[PDB]
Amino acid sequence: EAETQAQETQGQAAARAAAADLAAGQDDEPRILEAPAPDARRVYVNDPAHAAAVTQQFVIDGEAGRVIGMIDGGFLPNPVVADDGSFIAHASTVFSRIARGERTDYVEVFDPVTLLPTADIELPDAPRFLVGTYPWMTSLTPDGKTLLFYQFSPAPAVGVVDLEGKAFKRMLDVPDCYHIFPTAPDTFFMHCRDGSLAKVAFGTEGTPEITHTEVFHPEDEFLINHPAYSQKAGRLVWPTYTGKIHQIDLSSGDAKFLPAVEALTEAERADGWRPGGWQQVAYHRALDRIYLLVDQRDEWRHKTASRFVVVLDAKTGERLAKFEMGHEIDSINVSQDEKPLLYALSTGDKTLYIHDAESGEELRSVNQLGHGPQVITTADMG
C-alpha cells in the first residue's frame, strides 16, 4: 500500500489537527460531511470497472488531489456533469440478481454537495446502449433540462429524458448515426455511417426533423469514439487514428467545418507516432487549444496507453508543446479555468495524475481509483 506525495500531506494535516482537538478536550462527534461546492478544479473520474456489474465514480478536488466524494453505479453507466455545477447525473443499469434476471435501465440525478440523489427516472424496456463508456453517448441539453441517450439495437434511436420534470419522454428514430452533441434545448448533432453529420430537431411529439451535412471525411479515415466537444463554444474536436483533426463549429446552430489540422508533425508520423488511449483528446475553450495523447505505436494499437501529450493551436494548428507524462496514460481532459490543469488518467495504475497544463509538470496524483478507471469529466463553469 502506497500513499501519494499529496496523500501523506493531507494525512498528517488531519493527524496534527485531531491531536489538537484531543489535547484541547474537544469531543469527537461524528456526522455526515458535505462536499465542497463544485468549482473549476473539481474533476470526476468514472470507473467502468472493466465491464463489471457495479461501478464507481470518484469526485476529486483537482487542486489538493483529494477524494471529496463518490457515487455508486451499475453496469457500464453513462455519466454527465452540468457545466454550471448545479448537478450531476447518469444513465445506469442494474439487474435483480447481480448480472442476471430482470434488467432495469434508469437515470439518476445528484446534488453536487450532498451527493444525495434528487431523482431516479426509470427508462422503459432497457433502452440503453450497453457499450464501453463514451462520454457523448449520453449528453445534456445546453439548458440542462433534458438528457439524451443513444440506443443501438434493434435500431438507432435516442431517448429524451425530462430532468426538470423527472420523467422519460420518448424515443427518437434516427438515421444510422452515432453519438450525441446537443447544441440547443431541442437540437443535437450525430455522426453517421456515411461520413456525414446528422442534425436532429425534436419537438414534444411527432417525427423529428433530420438533415445531413456534407460528408466531411473519407470512408477510410477513422474517427475515434472519444471526440472532444465543448458545448458552450459549440466546438467539436474529432481526431482520426493518424492524428488528423477535423473541427466542426456548431455555434451558429449549423455545422461549419473548419480547416482540418494535423496534430502530429510530418516527422512524427514518419517515425510512427499516432494517438492512442481511451479519452485521447481534450479541448480548452478559453485558450482554444487541443491536447492529444500520442506515442509511437503500430497502427492497430489505438487503445493502448501513451506517455506523451501534445498541445496545438486549435485555430492555426501550430504545435505548442509536447509533454512527457512519465506514465502510461489512457485518458486526458482539462479544467476550463485560467491556468488549466492537464488531467492524465491511467487505467492500469488506477491513478489520476494531475499536471500543470502550461508546463506539463506533474503536480500531484490520486490512486486506488477503482479497478479500471477510464473517463474524466469536468465542468466548464463561469
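Just count from 1 along the sequence shown to find any residue number.
A.B. asks: Mean Cα B factor from the PDB record: higher for 132 to 140, or higher for 115 to 123?
C.D. replies: Of 115 to 123 and 132 to 140, the stretch with the higher C-alpha B-factor average is 115 to 123.
A.B. asks: Going by the average Cα B-factor in the PDB entry, point out whether 255 to 263 or 75 to 83 comes out higher.
C.D. replies: In the deposited entry, the stretch with the higher C-alpha B-factor mean is 255 to 263.
A.B. asks: Taking the values straight from the PDB record, which of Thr93, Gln231, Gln296, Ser96 has the highest C-alpha temperature factor?
C.D. replies: Comparing C-alpha B-factors across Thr93, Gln231, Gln296, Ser96, the maximum falls on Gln231.
A.B. asks: Taking the values straight from the PDB record, which of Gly101, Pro175, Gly272, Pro227 has the highest C-alpha temperature factor?
C.D. replies: Of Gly101, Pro175, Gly272, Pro227, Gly272 has the highest C-alpha B-factor.
A.B. asks: By the recorded C-alpha temperature factor, relative to the other modelled residues in its chain, which third is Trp300 in?
C.D. replies: Middle third - that is where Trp300 ends up once the chain's C-alpha B-factors are sorted.
A.B. asks: Compared with the other modelled residues in the chain, in which third is the CA B-factor of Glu34?
C.D. replies: For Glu34, the deposited C-alpha B-factor lands in the middle third.
A.B. asks: Within this chain's modelled residues, let me know which third the CA B factor of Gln368 belongs to: lowest, middle or highest.
C.D. replies: For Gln368, whose C-alpha B-factor we compare with every modelled residue in the chain, the answer is the lowest third.
A.B. asks: Using only modelled residues of the chain, where does the Cα B factor of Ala89 rank: lowest third, middle third or highest third?
C.D. replies: Lowest third of the chain for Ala89's C-alpha B-factor.
A.B. asks: Where does the C-alpha B-factor of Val237 rank in its chain, lowest, middle or highest third?
C.D. replies: Highest third of the chain for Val237's C-alpha B-factor.
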